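Protein chains in written order, with the deposited numbering: chain D, 18 to 151, 157 to 449; chain F, 16 to 94, 98 to 146, 159 to 447; chain E, 12 to 446; chain N, 274 to 359. Inspection log for the structure reproduced underneath, given as structure tokens.
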Amino acid sequence: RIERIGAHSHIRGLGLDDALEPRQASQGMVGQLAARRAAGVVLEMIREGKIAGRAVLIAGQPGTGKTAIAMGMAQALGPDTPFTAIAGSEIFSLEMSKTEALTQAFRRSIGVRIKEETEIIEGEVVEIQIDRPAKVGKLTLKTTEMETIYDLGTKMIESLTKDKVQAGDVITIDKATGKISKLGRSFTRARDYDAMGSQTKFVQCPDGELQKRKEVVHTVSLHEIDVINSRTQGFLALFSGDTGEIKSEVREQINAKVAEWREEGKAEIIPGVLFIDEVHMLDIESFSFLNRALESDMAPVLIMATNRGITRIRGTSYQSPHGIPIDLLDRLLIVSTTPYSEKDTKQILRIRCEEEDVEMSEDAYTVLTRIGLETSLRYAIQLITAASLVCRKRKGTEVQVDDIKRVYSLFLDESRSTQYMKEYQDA
Amino acid sequence: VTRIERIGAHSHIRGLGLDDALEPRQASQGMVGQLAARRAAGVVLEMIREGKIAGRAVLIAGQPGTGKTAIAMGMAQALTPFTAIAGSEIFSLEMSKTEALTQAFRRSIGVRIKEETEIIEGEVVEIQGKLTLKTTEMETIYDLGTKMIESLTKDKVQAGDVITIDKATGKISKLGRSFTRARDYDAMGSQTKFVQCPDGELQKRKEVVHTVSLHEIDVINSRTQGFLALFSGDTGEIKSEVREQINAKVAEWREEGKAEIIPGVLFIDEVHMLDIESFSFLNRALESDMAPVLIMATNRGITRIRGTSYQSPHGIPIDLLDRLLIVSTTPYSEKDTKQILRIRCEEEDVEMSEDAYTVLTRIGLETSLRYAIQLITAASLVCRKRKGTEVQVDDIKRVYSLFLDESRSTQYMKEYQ
Amino acid sequence: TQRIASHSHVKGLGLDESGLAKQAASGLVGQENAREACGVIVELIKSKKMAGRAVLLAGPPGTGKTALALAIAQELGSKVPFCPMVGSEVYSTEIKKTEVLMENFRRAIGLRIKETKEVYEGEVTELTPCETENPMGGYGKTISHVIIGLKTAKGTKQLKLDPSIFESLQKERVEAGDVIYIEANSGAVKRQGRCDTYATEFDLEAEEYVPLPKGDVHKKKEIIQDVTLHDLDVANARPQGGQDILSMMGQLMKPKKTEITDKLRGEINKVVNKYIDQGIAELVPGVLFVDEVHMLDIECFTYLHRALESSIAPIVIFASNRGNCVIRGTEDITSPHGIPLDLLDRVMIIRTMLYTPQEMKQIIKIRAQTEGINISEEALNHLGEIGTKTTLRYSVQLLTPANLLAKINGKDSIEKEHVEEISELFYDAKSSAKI
Amino acid sequence: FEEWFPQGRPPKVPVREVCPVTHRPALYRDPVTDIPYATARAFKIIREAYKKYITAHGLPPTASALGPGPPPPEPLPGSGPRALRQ
Ligand SMILES: Nc1ncnc2c1ncn2[C@@H]1O[C@H](COP(=O)(O)OP(=O)(O)O)[C@@H](O)[C@H]1O
Ligand SMILES: Nc1ncnc2c1ncn2[C@@H]1O[C@H](COP(=O)(O)OP(=O)(O)O)[C@@H](O)[C@H]1O
Ligand SMILES: Nc1ncnc2c1ncn2[C@@H]1O[C@H](COP(=O)(O)OP(=O)(O)O)[C@@H](O)[C@H]1O
């Protein structure tokens, strides 16, 4: 519950209507109807997943809400669909090539819902009488509507001895493997032992004696390749990034078995999204790889964001729009974000204030909207926070003009920093 | 007999010859000239010895061959941990510049740790269930527990063995029997060497001081410690294990007196080759509490800083120059040159005539000083070839004609291959 | 060993109750607006309401940016963690730059985890009161309860524990006369060792005899452990327990610091939130002071202005010393403070003016005081004058050497002659530029 | 029932031995005389007393050493059950 509000916490989805009509202000967003409708339609395409290898480029001036609309789409997509957010400079690893990192990122945003039929027996253990030779045992499971006694085997008795199960424990035994899983207790333990005090759990299902076809959908991403590349996979799946596995017999074989599962009804493919923020940092080799990697059937939807116009492509000398080669730039379609006006800026500032739980006068809102239209929006939020803190220190109830104007001089913007920078501190 | 260390490039200086009041003499401990630089070296040496402050760096400037490295080696010999390195040593393939520089900084600091434990040692007479430990002045019987019984068997302890056992059931069989060696006429085991029976009280507490540098982070780095202490060791050196554990433990030992730190000196010869990254790291590293006294040497004036196209004095950033006390050296004169040549000849066991010394000084003034320092031994060997007892002008002239100098070498490069 | 560092006089921002700035601000002098901004941002940190916020301590060299940084750090107190980092440390040959930055961000975040355990200890006197066989079945011999006579230093208290634990008692060598470590819920018995009262001087053994427990048998040991999120990341990264990990050749290379985002985020964050909302731990976000930020590559800034966008990112205090300079890793791309113009928009710039000669004199005097050496009025005036001429940091470095020169010359206080002699024995770079 | 529950009496707290020559906490146990001791002088005196005893049937007198205020018993009857050295 203790998680602080970040720069994109004010947004909590992409405000859209039944007909995908964008709204002025909803779900923490304001203005920018065109790019928001583009986000809505690409999100509909993602949730459809019928087509693979689609790319979208979010372009615009800084502070136009590129990362904002990206996080909004991520939120609107909701759980059950992977959304791999990554920065352009994260692919540069000292233990795995750029192409390998891109393959990892692509396969990481693809999920397979594996269906598994289970048969679990549950109930209340009324009698767990076990005859230890130092071989024979019987279990008396009880439910709210029926009871049954089961003769325990040697291995089952040993498993029960492993996980201590006293009378009155709510357990869920899997008839397939016999794994002992304790859920709780139905009553106290004799009220006499001067220890082991806990709370009592609710009774089990009436038909819990034998659940026939308990369906559990195990969801896992296509990053499962780490499970095969090495005999010990937890080390690679948890921390180790040195996963330069062999592409042959791993990628192709896993894809083939995933197709077999999809055809045989075991699992279903759920393509996610790969959001590369500041994609301009990718080397030209990474762009050349994305050009071809984006053509596979397992290719997720590649959302990208650029904050530049004509700029040199990293790893070469010639320039291209958005710092992306002409090929990949032409392949994808671009979503331009128009700057926000004064009203939109004021509304965004008000939404941020509401998020931060801070209140300020109308004149404060006006002067702060002015300052934000002049300097920037993020700087306006910084001033919101600073003025709220100055007001709290001042013992006031709401932020007045005298606090925003004070923190404006206390904290400087880059435009004024460079102005006072004429002291030639260093070069 | 020839040994590992012998007469070298900086062996003539036995130390930083100074008076009680830090008044540099003309030439006492082999070093001559550079009076102001010598007094600065003595001042910084007294500062190091005091250990009242931390994070102080001194830059030794001057033209090539002005005795900067000589003054540094003299201070090191007079100075007790000392770590001398070069700008290329910190550059490691498996360790980033920052990691290597931090390792050097921590290795430049010493730490003394006093250890006091109870010890029981004596000749074993017979075991069993119970031990019968004998010493020169007495003998005692001890009852053996399960752990002691297991240790008596995992290690083949037997009569006559001079055993040793402190607390924590840490038994040791340091060496074998005393008298029984007789019947072992022909062969004697590798580990079964013999020792004299101990004397005094059987159980005795011994206080020992362990001297280790602050670079012990490698010891607490991995599961195995002694292995990494010989070769490069670990390369990671996680910041946490370094600061949150070792520094706090050293502080607690200082508070309770278990340990005491002794800040040394870190001499980085030819610091001009360092990258801007190393300088930026030093800018902060010199601000830490357990920071040793740093010494540097550079022959560069207005030169480019490696890693960037910027130029600054001494080839290093201005950010660091504002943190160093520059001690510039002065080129030697005729008298100083002749005196250092005399000292070099006396140290190398070379005898030369007055005219020979005059010609050698004239050469060392027209050319570099190291050239004449080498001509000394060259003419000595020429005289030995001629079987003469003293080196004359003819020998030094023959050598000057045989071995060329930078100036004459460049002048004779007209061939251009 | 006091081991006075370079600048330790700073103890805090020293702001008045009203939040304004004063001269004697707990060691640090001058810099009114800068110290007020430091107070505002430290109040922010204490609020623990905002995350991923960065501040830039832009200012010419010698303005004491690191000084005020350590001041605000001390003001925060040892309670919240403070991880200092320099731009050079980001360059690692084994782990990528962005992952080092993320590890530093994690270190900057703290987390206090409490742990209360009810345990019973004391000399055991085992005895099983015979009870009629299970009344539900036939007859015979059974045991309905097992009484353990735990004896502590304060007294004795018999515990009628559950009979099923009898297996644990027989498992370990729990004989009458030893100290056992009982657990309330688990019940597992862990023998500490025999009582020292039976440790006869003639018995040769160690780690087997332990003193009697002091206090009541029932002890509710409350312990708190503060570990940063990076500590938990590292702990959950590497394995432990069998699995042939004892190998030396193929395993001694412990520096596998490489880390993935799945483990870093996700499960660890969820378990942290579970411990927080359950009452087992309390999150403590700290601060990440990054000096020499201009030394970072553009590949580092492009990841910084994305990590700062996360809700979990802690407060970052950047301190750039350079001015308009080409960004590292870029082809002649000049930007203010050596930082891309895109990141400067996300940081609050706290400008620091140059110290007034009077402030120079105050700094020199307080540094001399901290060092513990008296300086005469004339010597202090000369030190202030030379600090006005050249960089100020040169003067403070002339105190200890001048102090030693004075002590060796037979005098106590630093006379003007001593500083005058040291200024000729040692000088600054501005004068050394005369090649 | 007996195996899993060896109901044995308490460990019978041992005796706090004392050096008979100096009356201090005994730190050692002489092997030949089987009497505790704490110092080298005590060991020498104990060895001398044992030699005097084994010389004849039984030493009529008793060796005295470090007699405190109260009458020291000069303990001869501190029987050493151990036999001859070898
Ligand atoms: N539509 C919007 N609604 C609310 N805040 C916005 C919007 N657009 C931009 N911002 C704010 O501007 C700052 C930077 O803009 P961002 O959302 O990152 O877009 P960009 O990626 O173009 O900078 C952020 O702090 C963000 O909160
Ligand atoms: N004052 C001096 N006393 C003794 N030897 C000196 C003195 N000055 C220079 N030398 C000799 O000069 C030689 C080379 O000088 P060097 O230390 O390389 O100069 P730099 O300090 O510029 O590196 C050394 O072998 C050293 O013996
Ligand atoms: N206001 C001040 N009061 C006292 N000392 C100061 C002050 N400002 C700077 N200093 C001194 O300046 C020295 C270093 O300052 P620092 O924080 O490193 O600035 P920079 O990093 O820009 O060089 C410190 O040793 C400190 O003693």
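C-beta: ideal position from N, C-alpha, C; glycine also.
Host alpha helix (DSSP H) of residue i (start-end)
i, result
"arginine 374(F)", "364-377"
"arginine 314(N)", "313-328"
"residue 463(E)", "Because chain E in this structure spans residues 12 to 446, residue 463(E) falls outside the shown range and cannot be described."
"residue 147(F)", "The structure shown gives no position for residue 147(F): in chain F, residue numbering passes from 146 to 159 with nothing in between."
"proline 368(E)", "368-382"
"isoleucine 433(E)", "427-436"
"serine 181(F)", "176-184"
Same chain only: Cβ atoms within 8 Å of residue i, ignoring 5 sequence neighbours per side
i, result
"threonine 363(E)", "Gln42, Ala45, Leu68, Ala69, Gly70, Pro71, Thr74, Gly75, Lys76, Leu79"
"residue 447(E)", "As displayed, chain E neither begins before 12 nor continues past 446, which places residue 447(E) out of reach and without an answer."
C-beta contact flag for residue i and residue j at 8 Å
i, j, result
"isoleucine 179(D)", "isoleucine 147(D)", "yes"
"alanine 217(D)", "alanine 318(E)", "no"
"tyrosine 442(F)", "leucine 432(F)", "no"
"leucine 371(F)", "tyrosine 387(F)", "yes"
"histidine 302(D)", "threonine 254(D)", "no"
"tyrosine 430(F)", "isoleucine 393(F)", "yes"
"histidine 27(D)", "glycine 45(D)", "yes"
"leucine 395(D)", "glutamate 364(D)", "yes"
"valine 192(D)", "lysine 223(D)", "yes"
"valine 143(D)", "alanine 189(D)", "yes"
Close-in-space but distant-in-sequence residues of the same chain around residue i (CB under 7 Å, 5 per side omitted)
i, result
"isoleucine 256(E)", "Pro250, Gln262"
"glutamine 78(D)", "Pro361"
Sequence-distant residues of the same chain with beta carbon closer than 6 Å to residue i, five excluded per side
i, result
"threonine 166(D)", "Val225, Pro228"
"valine 380(F)", "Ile406, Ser410"
"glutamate 290(N)", "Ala299, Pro309"
"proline 412(E)", "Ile433"
"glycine 160(E)", "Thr136, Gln169"
"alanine 55(F)", "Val357"
"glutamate 290(D)", "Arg130"
Ligand 1 heavy atom lying under 7 Å from the CB of residue i
i, result
"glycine 48(D)", "yes"
"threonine 81(D)", "yes"
"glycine 77(D)", "yes"
"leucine 352(E)", "no"
"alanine 24(D)", "yes"
Cβ-heavy atom distance, residue i to ligand 3, below 7 Å
i, result
"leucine 39(E)", "yes"
"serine 310(F)", "no"
The beta strand (DSSP E) enclosing residue i, as first and last residue numbers
i, result
"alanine 327(D)", "323-328"
"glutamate 237(D)", "236-243"
"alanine 76(F)", "72-76"
Residue i CB to nearest heavy atom of ligand 2 below 7 Å
i, result
"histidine 344(F)", "no"
"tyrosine 387(F)", "no"
"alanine 85(F)", "yes"
Chain-ordered residues of the stretch 159-188 of chain E with a beta carbon less than 7 Å from chain N: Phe177, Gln181, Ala187, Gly188
The stretch 215-237 of chain D: positions lying closer than 8 Å to chain E by Cβ: Of all residues in the stretch 215-237 of chain D, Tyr215, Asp216, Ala217, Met218, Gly219, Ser220 have a Cβ within less than 8 Å of some Cβ in chain E.
Members of the stretch 190-215 of chain E near chain N, C-beta cut-off 7 Å: Within the stretch 190-215 of chain E, the residues whose Cβ lies closer than 7 Å to some Cβ of chain N are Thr208, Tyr209, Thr211, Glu212, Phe213, listed in chain order.
Selection of the stretch 125-152 of chain E by Cβ proximity to chain N, strictly under 8 Å: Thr136, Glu137, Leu138, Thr139, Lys152
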